[PDB]
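A short worksheet on the structure shown next.
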Amino acid sequence: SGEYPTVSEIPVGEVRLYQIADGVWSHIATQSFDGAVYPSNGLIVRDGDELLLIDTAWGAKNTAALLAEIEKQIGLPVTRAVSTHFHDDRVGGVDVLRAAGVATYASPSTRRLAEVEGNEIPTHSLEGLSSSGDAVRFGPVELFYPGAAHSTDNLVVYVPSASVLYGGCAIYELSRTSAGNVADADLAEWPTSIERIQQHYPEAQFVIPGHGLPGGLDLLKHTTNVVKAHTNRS
Ligand SMILES: C[C@H](CS)C(=O)N[C@@H](Cc1c[nH]c2ccccc12)C(=O)O
Ligand SMILES: [Zn+2]
Ligand SMILES: [Zn+2]
Ligand SMILES: [Zn+2]
């Protein structure tokens with residue numbers, strides 16, 4: 001499209017799509033959290049005559065709105081979804097996807113952490129991702145576990161046909177110059193995990209953060225700078 005949508009343009013309950021490349025879209029929703037309102041991104045990837053979804057739209061109502069906007073703008077069925085960590089902006093709405101016939105997936109690490117926290121639990125388990133540096137194919141994407149960062153279970157997703165790297169909540173947009181929610185983070189390991197991403201995907205052309213505006217590979221160095229400033233807080 002043209003301009004990327006912002007919190008001021010999406011009332012809570014609605015969802016926007018944004019085309020990144022041929023067969024690749026982000027989805028954008030908003031939610032209230034501890035008095036503020038935040039935007040949040042996921043991904044959609046064309047999979048033959050079907051669609052692969054990356055992450056929910058942060059809640060049941062938003063995720064029903066996401067399915068309806070996919071039918072309006074694309075018109076192909078969502079058959080599988082992957083959640084990239086255990087927080088509610090990634091798994092909240094999994095029950096809506098399941099009731100609609102979507103097969104929901106996450107690593108065994110994510111499924112366990114979601115159950116402890118009381119969040120919705122994806123049905124299927126992704127094997128082969130428990131060690132830092134592990135990668136597996138999942139149809140038109142590669143899934144990568146870079147090590148602990150924003151959370152101990154965070155995954156990143158690469159679309160090779162389009163050179164699109166989806167960083168999720170391990171990667172910060174440029175406008176964010178201070179750290180956000182770090183309660184579940186590994187601050188000591190986060191920079192090393194970002195370096196694994198840079199070394200595995202040096203050809204990436206578009207980088208999509210979990211919250212806010214897309215950019216390029218500069219977002220990886222940016223995130224390192226912000227994490228190290230938080231580590232050195234007074
Ligand atoms: C609910 C999500 C689950 S990831 C969370 O708890 N925190 C997020 C959201 C966030 C915090 N500050 C911001 C400042 C600007 C934009 C987004 C944010 C994070 O830390 O990136
Ligand atoms: Zn999170
Ligand atoms: Zn998030
Ligand atoms: Zn920066």
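First listed ligand is number 1; within each ligand, the first listed atom is number 1. We number each residue from 1, following the sequence as shown.
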- Are any of the N/O atoms in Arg176 less than 3.5 Å from those in ligand 1?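 N/O-N/O distance under 3.5 Å: yes.
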
- Task: Looking only at distances, please establish whether an N/O atom of ligand 1 is found under 3.5 Å from an N/O atom of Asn181.
- Result: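 Looking only at distances, the answer is yes, because the N/O contact criterion of under 3.5 Å is met.
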
- Message: Using 30° and 60° as the class boundaries, would you call the ring planes of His124 and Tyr105 parallel, tilted or perpendicular?
- Response: parallel

- Would one find an N, O or S atom of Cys169, in either backbone or side chain, under 2.8 Å from the Zn ion (ligand 2)? no

- Item | Audit row: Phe144, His200, ring pair (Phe, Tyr, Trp, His ring centres under 6.0 Å) steps and yes/no | CA-CA 9 Å; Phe144 184 71; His200 207 78; 4.6 Å; yes

Pair [X] and [Y], ring centroids less than 6.0 Å apart:
{"X": "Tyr4", "Y": "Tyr18", "value": "yes"}
{"X": "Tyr38", "Y": "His211", "value": "no"}
{"X": "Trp25", "Y": "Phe206", "value": "no"}

Give the atoms of ligand 1, by number and element, whose distance to some non-hydrogen atom of [X] is under 4.0 Å.
{"X": "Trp58", "value": "1 (C)"}
{"X": "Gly180", "value": "20 (O)"}
{"X": "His87", "value": "3 (C), 4 (S)"}

- Query: When you measure from the Zn ion (ligand 4) to each N, O or S atom of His222, which atom gives the shortest distance?
  - Reply: ND1

- Message: Can you see whether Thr84 engages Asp55 through a side-chain donor-acceptor pair at a distance of less than 3.5 angstrom?
- Response: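 Note: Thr84 and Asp55 side chains meet the donor-acceptor criterion.
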
- Message: Any atom of ligand 1 sitting under 4.0 Å from a heavy atom of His150?
- Response: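 A heavy atom of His150 does come that close to ligand 1.
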
- Angle subtended at the Zn ion (ligand 2) by ND1 of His87 and NE2 of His85, nearest 10°: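 Seen from the Zn ion (ligand 2), ND1 and NE2 are separated by roughly 100°.
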
